[PDB]
Structures are given as C-alpha cells and as structure tokens.
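Chains as they are written, first to last, in the working numbering: chain G, 17 to 199; chain W, -12 to 77; chain Z, 6 to 103; chain L, 2 to 127; chain H, 2 to 547; chain Y, 415 to 510; chain S, 147 to 225; chain V, 26 to 203; chain D, -13 to 16; chain B, 25 to 247. Encoded as structure tokens, the structure appears first; notes follow it.
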Amino acid sequence: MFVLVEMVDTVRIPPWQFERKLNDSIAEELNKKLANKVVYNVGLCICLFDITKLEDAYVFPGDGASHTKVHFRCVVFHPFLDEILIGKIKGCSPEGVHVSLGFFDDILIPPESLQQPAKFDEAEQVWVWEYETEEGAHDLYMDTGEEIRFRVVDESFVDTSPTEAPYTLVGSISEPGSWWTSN
Amino acid sequence: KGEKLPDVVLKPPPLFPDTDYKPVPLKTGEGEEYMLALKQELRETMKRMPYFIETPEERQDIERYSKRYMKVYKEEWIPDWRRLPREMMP
Amino acid sequence: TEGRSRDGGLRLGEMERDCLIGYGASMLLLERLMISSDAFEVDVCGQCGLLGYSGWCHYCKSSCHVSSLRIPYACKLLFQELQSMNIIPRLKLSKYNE
Amino acid sequence: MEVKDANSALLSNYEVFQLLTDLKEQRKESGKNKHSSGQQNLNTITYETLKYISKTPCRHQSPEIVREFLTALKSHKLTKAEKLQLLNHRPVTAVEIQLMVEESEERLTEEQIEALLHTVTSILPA
Amino acid sequence: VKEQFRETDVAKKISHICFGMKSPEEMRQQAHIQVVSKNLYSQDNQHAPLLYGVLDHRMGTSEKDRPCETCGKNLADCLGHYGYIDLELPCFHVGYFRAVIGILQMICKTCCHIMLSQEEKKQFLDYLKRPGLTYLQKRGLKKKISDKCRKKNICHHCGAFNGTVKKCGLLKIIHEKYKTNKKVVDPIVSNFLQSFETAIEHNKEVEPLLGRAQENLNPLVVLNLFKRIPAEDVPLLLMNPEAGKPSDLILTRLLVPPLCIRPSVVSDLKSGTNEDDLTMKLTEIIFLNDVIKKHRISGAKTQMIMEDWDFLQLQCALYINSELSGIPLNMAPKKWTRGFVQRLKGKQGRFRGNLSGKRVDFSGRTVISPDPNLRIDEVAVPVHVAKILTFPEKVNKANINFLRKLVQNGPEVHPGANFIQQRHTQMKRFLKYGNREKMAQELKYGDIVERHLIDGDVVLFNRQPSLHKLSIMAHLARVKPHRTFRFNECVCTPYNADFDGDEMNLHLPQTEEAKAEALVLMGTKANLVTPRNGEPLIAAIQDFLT
Amino acid sequence: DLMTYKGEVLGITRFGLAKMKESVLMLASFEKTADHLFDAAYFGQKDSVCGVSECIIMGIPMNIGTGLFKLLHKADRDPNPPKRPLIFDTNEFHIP
Amino acid sequence: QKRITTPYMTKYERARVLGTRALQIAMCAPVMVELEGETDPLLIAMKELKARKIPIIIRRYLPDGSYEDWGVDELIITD
Amino acid sequence: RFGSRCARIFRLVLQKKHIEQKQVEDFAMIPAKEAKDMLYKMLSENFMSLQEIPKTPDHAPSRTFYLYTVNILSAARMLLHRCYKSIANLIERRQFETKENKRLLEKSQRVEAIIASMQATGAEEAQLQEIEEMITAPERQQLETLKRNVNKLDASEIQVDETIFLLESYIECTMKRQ
Amino acid sequence: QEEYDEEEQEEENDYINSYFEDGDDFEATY
Amino acid sequence: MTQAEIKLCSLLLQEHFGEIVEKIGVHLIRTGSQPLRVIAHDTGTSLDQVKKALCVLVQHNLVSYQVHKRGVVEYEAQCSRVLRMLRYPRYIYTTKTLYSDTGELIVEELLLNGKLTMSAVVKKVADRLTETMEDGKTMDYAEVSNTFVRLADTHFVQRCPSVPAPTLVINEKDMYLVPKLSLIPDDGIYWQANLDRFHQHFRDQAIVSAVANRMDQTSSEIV
Ligand SMILES: [Zn+2]
Ligand SMILES: [Zn+2]
Ligand SMILES: [Zn+2]
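Structure below.
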C-alpha cells in the first residue's frame, strides 16, 4: 500500500461468459489472480487499481476462448529504507523476536535492538532490558506484546524452491510500547 | 582381457579432495611492503579519477538532501582531437 | 501397437497426408496426428531453451522465464534422444499473440 | 508478466483506504461469492488491510485537507518523500519528528518544528 | 508462509531452433546425479534400485509401482533428468573426427596459430562478413581455406615447420613431422636423432626402428592444443562462437540420459530381465574406468596402461555408432548391439518410423460390399464396429434430455454411452460397472460424455494405396446390422475399388471443430470435379450405363 | 518457373533440393548416418520452423491452408477507459 | 482506408469460421438464433451463417504484414 | 606441487632424453609401485610427453616401444596459461570480500568522518567512548580481517605475476618473426 | 554430381511398399 | 588471445577503467579490426559512450588505429600490452631504488595519463612537493627536469610518434631530443615510458641474482 506498479498479461475469458461487460470481467479475473502473491522483487500485491489501455481480443483455432492483453496497475507493498512502522509482537526467540503485521505475518528483529539486551529461554519467552547510566531501569517483556515501532532495514529477496520465506525484513527497536523512545 | 580387479564405491568422491602438501609462504621486504601500499593507493586514485566514469547507471529512486553523497565531483580531460582520428567528432 | 491380435490401430502415412494437404485442411490433420496419437505438455524456458520440470529451470535458476506447450511424445522423444550425440537443441519461444 | 515502471506513482495509505471502503461495499451486493479460494484470498487481504488502516488514526481526513497539508509542507524545505512519510502517522510527539527526518537537529530549529507541530495537531483530528 | 506468483503463458510458439554442442562444465551444471557404482541392482531381498547407480530413480521412474524422487509424480507426468560421469582419460569422438583432423592441419601443433598471411586473412574475413550467407556457401569455404593452409608448410609468424596430419587405425592421429630427405641436412632432425642415440645403451633393437619415430598426438596433448588457440581466429574457422567452441570437441564428461528414455524388458519364460543396451554399455564403461585408477596405484607397464586407455576410448566410441569398420580382431565383439546412430538409421527408426508414421486410434478396416440403396455421401457402418467406436461431446442445455436418454439406454444397446467424464474432476468412469439411473440425475453443464456412433456423423473412408488427393473422402455414417462395409458404387472410381478382395479403412474425427473442416473441404458433393483435367470422375458404372 | 526463378535450371535431386530448401531436418531423412547431423552442430546454423513438414513434425498449425488468416472476437469493449486520479502526486505541489 | 481484396467469402475461411462457431456453441454460449429441438450444434452453426448472425471478424494478413478486417455479415455468401 | 622425490625423477628424465620405463627403475632408486604411480600422475597432468616406436606400419600398441621425453617449452607455455587463471581467481576472491560487507564498512566510515570533524572544535571523553560503544565487536572485527585478507591477496598477485615475467621471457626468445 | 543409383541411395519408403494381399499362412506394453 | 587472458583484461579494465569502457575494450580483443559503426552495432552502446571509451583507450596508448581500403578506420586493441598493469608498482619501485622520489613521482603520472607533456608533469610534481612540504616550499624546476633528462639520455622515457585526409598518418622518428624549456608553451611533444628498457633491466637484475647465488657473490659484480 505504498506504490502502484503497471503490469501486462494475456487473460483468457470463458466462452460462456459473453454476456457481461468485458471490462468488469477482465478486472475480476485479474483481481482473482494477484491477491496474495509476491512475484520476484517488487513486493506483495494488495489489490488492483485500474486498467490503463485495453487491446483487442483474439480467437485462437482449437480452444474457442478469447485472449486479451491489457495493461493494469496494481498496488504493491514495498516500503523504502528509512520508514518506521508499528507491529504487534507475536513471539520471542533467542535470535531476535517474531513480530507480524495485519496481513504480512513474518517480521523478525535480530539481537541488534538495544545497547544492553538480555535473552534467555528457560520455560517461556522473556526479554530483559537494563539501563544503568544515572539510575536503574529494568523493562521486562513477556509472551505477548503490542504497539512496537521500528524501522525496516536489510530487505532480502529469496526465490522459492520447486515444491521458505520469499520476503523477509529485519528491524531495530525504535519505540517500545508508558512510552520510551530510543535513538 | 580382464584381470582380477573388482572395485565398488558407494560414497561419491569429496567435493574438495584432501591436499597432501600445503603452499609455501612468500618473502617479506621493504620493497614488498612499499609496493603493497603503492598498488593500494594507485587503485584508490584510479577509482577517484576523471578517466573512471562514475555515472553509467545513476539508478536513483528517491531524492534526498545529501546530494554530495549521491553525486561526485567529476571533471573532463583535454580531448586533443588534433592528435586523434578526425572521424570521431564528439 | 502393431497388429490386430494385440488390439492395435491403423497407420496413417504420407500417402494420405499429401491428400489432406492438397485440400487445405490443417485442423483435421493436427487432430488425427497429434490429438488422438500423442498429446503431451512440456515446459520450456524462453531465455535458454531447455526442458525443465514443474515450471522450474536448473540451468539459469530462475522461475520468471517459463512457459508451457503441447508437443507430441515423439518430438520430445527425439529431442531427448538427440542430446546424447553432443547436440543441444535450443528453442526460441516467440510471442504468437503479438 | 512484463513491467513498465517499478518505482513510480507513490501513493499514501488513505488512498488505498478510501479505495477499499467502496470496493467490497458493492462487491458483496453484486457478487455472490462464487469462487471459494480466489474470493476468500481477496476477502482476507481486504479485511486485514482495512483493520490495519482503521487501527491507524489517519482515516478521518478529506482529500482537500490532504492537499492543504501538502501545500503547507511544500513551503519550507523538508523532502518530497518525508512529506508523505510524516503524514502516515501522528507527529504529535516531538521526539518522533527527530526520527522522521534523518538529520533534523542541523537542518531546522526547535521553534520551526514546534510551529509545524501545532499546525499539524490542529489539522489531524483525534 | 506466502505463495510466490507462478503462472504459465500459452501465447508463445517456437520460431527458430539453433544447434550447438555443450561443454563438460555445462553438462555438470545441467546434470543432477553422479553415478559412482557399477552394480545395477542391489543385493537385497527384493528388486530395488541402487543409489548413485546406472539404474537410479532420481532421473525418472519407468514403472507404475515406484514414484519419482525429484518431483513426486508418475512417469506419465515426468520429463527426465540427466547425469554426469567423470572420465579418467579423455577420449576421441566418432562424429567430430574429420573436424579435428582438419583443425590439426589448420592450426599449428607447437604454436596454436593459423597458417595464413595478414593480407589474405583480411580478404577472407571480408568475404566472411556478408548479409547473405547460406549453409551451402560455407561448405566450400572450409575446403578453399584448407588447401591454401596446407600448401604452405612453414608459418609466417614463427619459424617452425609443422608437416602434415593424417589418421591411422580407427582412432589414432600421427603428425607427419621430422622428415629425413637426401638433399639437405636439418639441424632439428639431427638433434632429434642424436637425442635418441643415448637411449640405445640398454636395448639394441631401437636404432633401425628410429627412422619411423614421429609425433603421436594423443587426446591429452590435443586437449591443451585446443585450449591454447586464440579466440580471435575462431570466427574465420567457420565455427559459431556463440553455440560452439574449439575446446568442447573432446569427450571428458559423459552425459547420462534419463532412465525414462531406456525402458527395460522382462520375459515370462525363465524369469529373465533384460535392460537396455545403453545401460549395459554405460555399466561396462564404468568397469573400464576404475581398472585404470587401480592400475595406477598398483603399477602396471606403459603398454598395459595404453591398452586399457585404448579399450576405454574404443568402448565409448562404439556406444553411439556401433557400426564402425576396421576394428581389431581381438577387440571385435561377437554380439551385435544397436546404439544411438542405429536408433536413427533404419526402416524401424524414429524419423520416418515414428514421426512420419504416427499411427492413430479410433479407426477400423473392413471389406466393402455393394449397396445401391444409399446416397452419394452415405456409408453403412456395422453395429459391432459402431459399438466399439466412441465420440465424446459436451452436454449443452439442449443436449440434456438427448444424452440422459442415451445413458439410460446403456452400452449394451447401440444408442448409448460408455465413458462419463466430470466437469472439474478430470476422471472417466464406466457405465457398465456402475449404475445408469443415478448417473442421468447427477448431470451438470459442461460434462464430457462419449456416446456410440449414430446416424449423421462426418466419417472418413479411404483405401491404403492412395495416388491422387481424391482417394480419401468424408461421408455420413449409418448403422446397419450386417457386419460389412457398404457404400454406393458411383464413388468406386475415386477409390479405384475392384469389389473382389479390397480392404478399405475408416476413421472417426475426435475434435468437433475439425468435424466441420472435413464437411466443407472433404465433401462428396463438393469434390466431384478432378483438379488435373476438370472432368467429373463420378458418373456411373458399366451396369447403369447398359 | 519453380526451377527458373532463383538461378539457372536446377534439377530435382538430392543436391538441388539442398540448394532450394535450407532445412536440415527434412534432409535428415534423405542423407545418411551422421554426416549432416554432426556438421550442423559443428557449424551451428539456425533452422527456421516455417515448413509444412516441420509444422507436422513439431506440431504447429501450418501456414498454408486454413491457417493463413487470423480470427477476431467482437464484443462490447472500451479502447481507453477513464483513469483514476492520483491526488497526492501532483507536480505543481512538489516544486522539484 | 480502401479494401483491394476480393469480397467473395472463401471456403477455407468459411469452414474455419463454422468450426469455431460450432465449438463455441458447444461450450454453452448465448445463442442468437431461434432454434427448435435439434441435436448436433454444428448443424445450427451454419443456420446462423445463413441468417448472417455470427459475431466474428476475419483478420486477413498480407505478406508485408498489413491487417485487413472483414465482417462475416459484410462477406458475400452464395451457395 | 608434488615433491622433491618426483623432482629428482623429473631432472633425471630431463638429463637422459627419451628414457625407457624398465631402465628408470635401477637408475632412480625408487620402489617400482610408487615410481609407476608418480610417473602416471605426471603423465596425467601433461608435464612430459610419451613417444611410441612401432615395428610394423600399423600401430600395434601391444608390441611397441614406449619412451618418456621432457619438453620444457610446452610446460612453460602451459604454466603461462595457469598463472593467468590463478591471478583471475585471486582477483575474484579479492572482489568477493568487498561486496559482502560494503554497507557495514560505509556505515563505519561515515560515523568516523562526523567525529573527526567535531574533534577539531572540541573533544569530550564521553563522546569518544560513545563511538567505541557504537561499533560492536563483530562490526569492528570485520575491517581488521578484511584488511589482512586483501593484503595477503595483493601480495600474492605480485608474486604470481613475477613468475609470468620469468616465464614470458623464454617464450619470446625462441620466437623469431619471419 | 556423382553417378549414384536411386534404389540404393534413396531408402525404401511407404511409397515403395506395394500394398497387395497374398496368402502367407502357415516388445513391452503398458 | 585465449579466454583466460581475455577474462583477466576484463577485470583489469573494469577495476581501473569504467565498465562502459571495459565492454568496448573486451569486445575489441575478440575481433582484430572492425569499423566504428559495426562496433557500435555489435556492442549495442550509444555512439557518445563508445567514442568516450575509444578516446580513453587511445589516451593510454592501448588501442591503435589504421586507415584502410578507401578511407575506413580499423582499430586494433593490443591485449599483450594491457596485461602489464600489475607491474606498475614494480616499475615505480625500480625507478625509486636508484633515483629519488622525483623520478618515482614523475613516472607515477606518466603511466596514469599515457601521452603527457613534460612541462605539465614537472609543474604538477613541483606543486605536489610544495604542498607536502611544510617549511621550505621551494622546488627548483631545473632540479626536477634534471631527473627527466637523466631518464632521457639513458633511454627510460622516449617520445611518441608526433604529428607530421580523413585521418593523420602516424609516423615515428629516431630523434629523441629534449626541446629547450623555459622556467619563470611547447606543444606537439609528448613523452612516454619505455617498457622494453624496464624488461631489459629486470633481465639483468635476474641474471645478476642468479650468478650471485650460483657460486660466489663476487662474480655477480663482474657480470
Ligand atoms: Zn532457463
Ligand atoms: Zn521427475
Ligand atoms: Zn606457428
């Protein structure tokens, strides 16, 4: 929901669907296709904005359908480097923590979160942050957390093997959520 | 034709076969340590030289205030078309 | 298979194929030489023409450039059999729509 | 699929919010949810996006107010991208603006930041 | 987890096909598994495949009882995977032998440079770069350059005398150098001879045999002789640098084809399994590869190693051609084996045997009988044959009550269906083992049903010895219970029938769109005039004339 | 006129057919064991799949006959539909 | 735009158009003719041609690459 | 590469040109098995040539006379092709390390230039310890390692290039332009 | 142009096969 | 020549010079002589960029050109000369071992700019030594030119073919004199280092070391 990108594909229409308007039919068939997919690099597609130009339809001999090549703009999820977003922490791990968003359900932050972090998994998932510069601060984090503001850095892109994460982001804790900002 | 030589292997050969002898170290001398830094500074000044073009791609996506880090101070050298093929006209 | 005792079919050679070509009918010729004889789906990459698997190449290591085609089993048989003679048939996929 | 432009036409979050409010409003009335998977995927995407944009306090703003805010931001210096990055959240707190701009301690001053803070708190409702 | 966008495109076709040879590194890059073991089947309880072997299931399954390993599927939904074998000693090629014996005369054997002049090379490369170049024009250019390069025996770049290059035996190259004439004494040949006179202090039977001592080019020296050629003289050598290369002409890495390309046979007479000859030759080559390695650490004579090297080079050479003439008597095999070249050549081949033939199903052949009771475009089909043949059709809104009655009738009665296919689920079901009253109820739009041949269908009817284009025609089908073919005598002239011992055959189109193409072009009413002259060929028979 | 358009009087033989057509696959059945097949890989020429025999071997609809022309579907469609605005991104508001 | 091609409908294109229309009708397509009870949609595919009610456009390609659009209703069908 | 044991046999066959396989056993006091093994390993890497002498117009490799000879020209011209590939591999390894931690090095050099300027105006100890605390142990151990790596590589390139000059001077001396 | 024979050079096809019936009375499949 | 040295010069031209220049340089090694139009067509790079690359290559005396049949310009790239860029540090060190930093710095920029005038390099090294010095910022131009004429008379730095039609004819003479310079404009005369002298000196040093370690350290002095 940050950028919109233009794409082009040949979309076949079933021969029995010759009563609706070709525009809405193409729009529905293209919204059904790209719903929960990341293609290679641009990012995670959200929805379809609109088509720009509509070309002619062709009837190949043997199939009986109609193929149309249209240019359509779809909204993708691809934030820039220096961007701050809020997430609800799902779980805690010995190597960073797994926080997820509403639809995008894989964010992991590495040990680079604070200046004196403490991680230890005895029976459950816990996180300690001590702060002794002029006083004594001890922030304790538990199984569930929410409203954590952080920056996405080190954007990676992995290709899926023939049938496990194609899109992965790591973050540094900026504002743990009582509110204390860390610069 | 065929004598008594049956051999069967199950584990494929290792990707990196174990070497027998290790390489021999090199010499050290004031000339060598001088030429090392000489080649290092030569590469450094060759990177920041007007002969090295530093604007092939300029793949910019979002502009910021720190233009000094994106762009580089570059100058042009004397073409000298006199001692140069006259056909080439820039 | 050959023979009527093994529940086999009939052979259609060039003698009758020339008669079908002289008429000008091409859909019937491909229907009874490819559709009812041997129909196979094969995946090919556009960048480097080769035979992949499940829409995945092993030479270029890329899933973007990939397409599928209908090729008779005899053609793919010959293509995979000619690779042992130090010959690599590289196909060039072109856009039929455009 | 072939791509013509990758980084172009950068939009905001309220745009997709107002695009998604009426997208499913007429889809539920017209469409009867024929396909199971192709429609359920879109439904999940729509619902998650709507919940995430409703949790963010940025849905109560008219595009005229957004254009006035862009006219106010195009004035001083900051950045074509930071203008929209600052709009996605609430800059009410002063320490957060120091994190929005990569270097705001040397570029501007505290009073010029506080003036804009007041102007944007008077714009963004709660 | 999230699924990555993967969609196939259908609007694509092959335009051009470029030929080329692969290199060992690309062979290993494309290969999946490396065989190291020679045993085909493992010595376990039941017949099971051996890992890292010739008969491995990682290249593709061949039966209906073991699934695939790379991608879980059956051999029907399986293409095939290749492998790579490393060879201890590089071998020569049987098809690239003339090419290499020509290149050895082209370039030097001690300098790796073409023997030409600076001005003539430019004149030749000028003729090379032309917008129009056919394959027949480059055939003669190679021979035009070879004689020009062989006329001169001394190169202009360096000052070394090469000699000539000739073949001997079956795979043996001798460089004709160190010539001893009786006009001028050469320092090179004298130094060569005196360097051998110090080796006559142990054996007295090498001096008279020294006059026949020359350079014997082996695959080893030719390997680096192909790797020291400049890449700038390659385009003028009539060798596409994009597809081919001077280097990859020597076999160093053997490419194992898929297992699905070499099916195995079993005979139920004495419990005898027989693999493909290709697999036997591959597992024989592996047994010849380790005896050279073991002989190295064990220690044999130079002749004992050269014999094994020649045997390994000759066994892989007979694997493709298997028809090479002029072979040693002791090395001549007694059994006859077919290779890849013999899979190509022959009446029972793959070019004109499978591709050109491509025999089809849904057809029949029966003796014809006269029956002047039909029209000109009608033909009688026996009930027994009509029950075997089936035509698939999709059910429309108007074809609901027309197919429900047919499936209610049954396959025993002539009007009816045999196979039922569903709309979404791609599976066929019988109508003889299951019920018919319930299948008629469970019927939706877009269902494929294969019904028996009824009256009013475009059927093809023709004879085997066709001469002209009127020997095949299309008529309307009609069911008649007499167990014989019947058709009007008027169309006997196009078929050239004698009605005494003729056996005429019949075909049934499967695609509905092609059913319309045989009705408008291959029509009996349309085709009444002959293209050659322009006269009507279907007039009457002698009886009607009388 | 078929053996008179290109050059001189060309005959219908095995050598003249190689001068007329330039497809190695159709000559594969005329010639012998491996000569042309290996010279093709040696030289490395591109074979164009535009012959009727090549279309039957490969499986492509041939050009001659009913495959010359192309069909076209006719229905209700708009060439250029109205676009949707981009309220945020306007050049007059950016001052680049 | 001027058409310099013969207006008579060729049998080669007539057969392909009939086959395409028959295959499209066999896919539960909206019919544009008053058909009574009959089987074999191929038989009624010619009925629409006899009444000139087939929504199909023929695109003829030239050796150079020129495209010519023709209507089935504009073509002259004589039997 | 192989050892002094094989270098002795190499110099032996260099001295006595075209030596026999049976006579190398008593001249060079080496066990026959290891001698044959090392001889075949030397034949496999194309370091010396093998000449054949028959008694009939046909080859007959069974009843023939094999001899081993040494050609220093071909060995020099072939090692001249190996040193270039060695330099190529060294340069590839030197360029491979620069792209692995380029962001970390550019972010550690950027934090040093901002403090080198403020130290001119005034340096306070707390800010000096702040920079020592900023860069972590693995973030500061990367530069120390990559420096040594690139130094070793750049020192090896010169040592493999001087061998080229020692090897390219003998190839051009036999070269005569005619 | 070499003096060759059509019979030995050109291998027999289905064209050559003369389909004629005479009394002449008295592989892995899946 | 062979693929190995071609790949080596590829990286050498990508690390020292630009990638656009490296592409045109590596395309000129596989093809001996080709006109500029067909070169720009095959490489696919725009005319301005290939012209810049060709000027960059010819400035470092790496690629030459010659006039052919009617008036055409056929270029030739000599890869044997471009493979000597890893001995630049050794060259500078062997100029520094007997001479001083003056000759070292005058041969540093001589191989970094190719064809360059002496009156420019002397002023450059003069201002450089003025900038690095602290108390005495005075460098005699005569003392700097002394090292240059010393390299000249013992044949370390020679003169390139001067300027004597679609293209000018390149011609070289055997008069390597030093024109009278003025110290307080001489154009058409550029100097360049001779690699043949460096190779000869390396051969002499190698022979001297070999005979020194051969039997005795004294016979090396005689040889
Ligand atoms: Zn690929
Ligand atoms: Zn598989
Ligand atoms: Zn030579």
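Even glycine gets a Cβ: it sits at the ideal position worked out from N, Cα and C.
- G:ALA153 sits in a strand when the DSSP states are folded into three classes.
- Only residues of its own chain outside the window of five on either side were considered, and among them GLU128, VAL131 and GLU132 have a CB closer than 7 Å to the CB of B:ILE116, listed in chain order.
- With contacts defined by Cβ atoms closer than 8 Å, H:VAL459 and H:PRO416 do not form a contacting pair.
- Using a CB distance cut-off of 8 Å, L:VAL67 counts as an interface residue toward chain Y.
- Within the same chain, and ignoring the five residues on either side of G:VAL54 in sequence, the residues whose Cβ sits closer than 6 Å to its Cβ are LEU60, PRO182 and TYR183.
- Taking the CA atoms as reference points, L:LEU21 sits about 7 Å from L:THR47.
- For the pair of segments examined, the segment 117 to 127 of chain V was found not to touch the segment 81 to 101 of chain V: the number of CB pairs separated by less than 8 Å stays below three.
- Placement of the Cβ of G:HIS94 at a distance of 7 Å or more from every heavy atom of ligand 2 is found.
- Assigned with DSSP and collapsed to three states, H:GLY327 falls in coil, not helix or strand.
- By the CB criterion at 8 Å, H:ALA418 and H:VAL450 fall inside the cutoff.
- Not one beta carbon of chain G lies nearer than 8 Å to the beta carbon of L:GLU111.
- Not one heavy atom of ligand 2 falls within 7 Å of the beta-carbon of G:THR179.
- Annotation for H:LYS429: the continuous beta strand (DSSP E) segment containing it runs 429 to 431.
- For S:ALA175, a Cβ of chain G is located within less than 8 Å of the residue's own Cβ.
- Between the segment 146 to 166 of chain H and the segment 297 to 304 of chain H, the count of Cβ pairs shorter than 8 Å is below three; the stretches do not touch.
- In this structure, ligand 3 has a non-hydrogen atom nearer than 7 Å to the beta-carbon of H:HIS158.
- For H:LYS429, the closest alpha carbon among the candidates H:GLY435, H:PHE420, H:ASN436 and H:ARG437 is that of H:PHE420.
- Taking a C-beta cut-off of 8 Å against chain S, the contacting residues of the segment 386 to 400 of chain H are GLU394, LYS395, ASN397, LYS398, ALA399 and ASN400, listed in chain order.
- For G:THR68, not one C-beta of chain Z is nearer than 8 Å to its own C-beta.
- Per DSSP, H:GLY170 is not a residue of any alpha helix (DSSP H), being assigned neither H nor E.
- About 6 Å separates the Cβ atoms of Z:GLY29 and S:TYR158, confirming a contact at the 8 Å cut-off.
- In the DSSP assignment, B:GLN90 forms a beta bridge with B:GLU98.
- Annotation: H:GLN343 has no Cβ neighbours in chain D at a cutoff of 8 Å; minimum Cβ distance is about 14 Å.
- Taking a contact as a CB-CB distance under 8 Å, the pair G:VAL168 and G:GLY187 counts as one, their CB atoms being some 5 Å apart.
- The C-alpha of H:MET107 is placed about 19 Å away from the C-alpha of H:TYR179.
- Not flagged as an interface residue toward chain V: W:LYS9, since no C-beta distance is shorter than 8 Å.
- Counting other Cβ atoms within 10 Å of its Cβ, G:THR26 reaches 16 or more and is therefore classed as buried.
- In terms of Cβ geometry, H:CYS72 and H:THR62 do not form a close pair [threshold 8 Å].
- The beta carbon of G:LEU20 falls within 8 Å of a beta carbon belonging to chain L, placing the residue at that interface.
- A distance criterion of 7 Å places the beta-carbon of H:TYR128 beyond contact range of ligand 2, judged by its closest non-hydrogen atom.
- Scanning the segment 403 to 479 of chain H from its first residue to its last, the whole beta strand (DSSP E) runs of 3-plus residues come out as 418 to 422, 429 to 431, 449 to 453 and 459 to 463.
- Remark: the shortest separation between the CB of Z:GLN52 and any heavy atom of ligand 1 falls under 7 Å.
- Short of 8 Å from the beta carbon of G:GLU99, and not among the five residues preceding or following it, lie these beta carbons of its own chain, in chain order: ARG167 and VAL168.
- For B:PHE41, the nearest beta carbon of chain V is not closer than 8 Å to its own beta carbon.
- Interface criterion met: the Cβ of H:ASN225 is under 8 Å from a Cβ in chain V.
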